[PDB]
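A single chain comes next, written as structure tokens; it is the form deposited in one PDB entry.
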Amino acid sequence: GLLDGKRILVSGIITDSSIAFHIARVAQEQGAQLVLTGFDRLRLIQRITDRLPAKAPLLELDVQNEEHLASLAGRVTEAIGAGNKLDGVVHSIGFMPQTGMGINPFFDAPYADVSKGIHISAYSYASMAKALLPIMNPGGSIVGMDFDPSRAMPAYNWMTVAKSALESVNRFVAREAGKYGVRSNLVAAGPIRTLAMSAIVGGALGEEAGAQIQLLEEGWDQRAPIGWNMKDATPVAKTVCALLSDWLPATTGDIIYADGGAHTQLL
């Protein structure tokens, strides 16, 4: 397999439609040994991850909790065994309060809400790298999930701003990770119909926002020279595994686009 013998931490599983569930599944099909991290609903996450090809230890991780971050490396070492280190880390964590996305005017998002969204979606990429680089092997790889924020778009609003901050954070994380012989990169995915995105398209954050995201999804598939299937996270999961492998060894502080090539076409 592509990831034979590799020990990889995967964060971000919440439902069977989480991009991280598909990253974890593909990594296990490719021979990786996983450690999973989950936020808040651990009973649910364990029941979800019981469907993965192989059993994997699940550790609690709230990226806003300094105690969870400070104990993380020790908890991972206990799970993978003393003397063993991680070869890979997957950050698949994103959050923005409802005031920062959808029909709520861009100017009406309170800073406490924007700040919480940037903490979870951008700053935590650095918090995770800080916690785990001391237990990572040379040749290792840290991968985060991105949504191309180079241009503004309707409805995504402050989540796009958080992704711009994440892209910048990734370039700095690469400088630090390089000292350990570790790569840091993001995968910029096309839109995926997770449970939350299906709810948003269905109008959970207002009708106009849902209508705008549905048009954006259609336009994405139209622009993509190879098409874009929003119901299929497998091409995104494969791309993350490519970055976790030894096959992109000179790429760091960078962004790989798993978007059907849509960002390279105007119409």
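C-alpha atoms forming the largest set that superposes within 1.5 Å between two forms make up the rigid core. The numbering used is simple: start at 1 and walk along the sequence shown.
Colleague: Out of 75 to 83 and 181 to 189, which stretch has the higher average CA B-factor listed in the record?
Modeller: Going by the record's values, the stretch with the higher mean is 75 to 83.
Colleague: On mean Cα temperature factor in this entry, is 158 to 166 or 135 to 143 the higher one?
Modeller: On average, C-alpha B-factors are higher across 135 to 143.
Colleague: In terms of CA temperature factor as recorded, identify the highest of 48, 230, 224, 242.
Modeller: It is 48.
Colleague: Tell me, please, which of 93, 152, 89, 196 has the highest C-alpha B factor according to the deposited entry?
Modeller: Comparing C-alpha B-factors across 93, 152, 89, 196, the maximum falls on 196.
Colleague: Compared with the other modelled residues in the chain, in which third is the CA B-factor of residue 127?
Modeller: Middle third - that is where residue 127 ends up once the chain's C-alpha B-factors are sorted.
Colleague: By the recorded C-alpha temperature factor, relative to the other modelled residues in its chain, which third is residue 113 in?
Modeller: Middle third of the chain for residue 113's C-alpha B-factor.
Colleague: Considering only modelled residues of the same chain, in which third does the CA B-factor of residue 52 rank: lowest, middle or highest?
Modeller: Residue 52: CA B-factor falls in the highest third of its chain.
Colleague: Once the chain's modelled residues are ordered by C-alpha B factor and cut into thirds, is residue 26 in the lowest, middle or highest one?
Modeller: For residue 26, the deposited C-alpha B-factor lands in the middle third.
Colleague: Tell me, lowest, middle or highest third: where does the Cα B factor of residue 98 rank within its chain?
Modeller: Its C-alpha B-factor, which the entry lists for residue 98, ranks in the highest third among residues of this chain.
Not on display, but discussed next: the form deposited in another entry.
Colleague: Determine, with the core as the superposition reference, the one member of 226, 204, 54, 70 that shifts its CA by 2 Å or more between the shown form and the other one.
Modeller: Flagged residue: 204.
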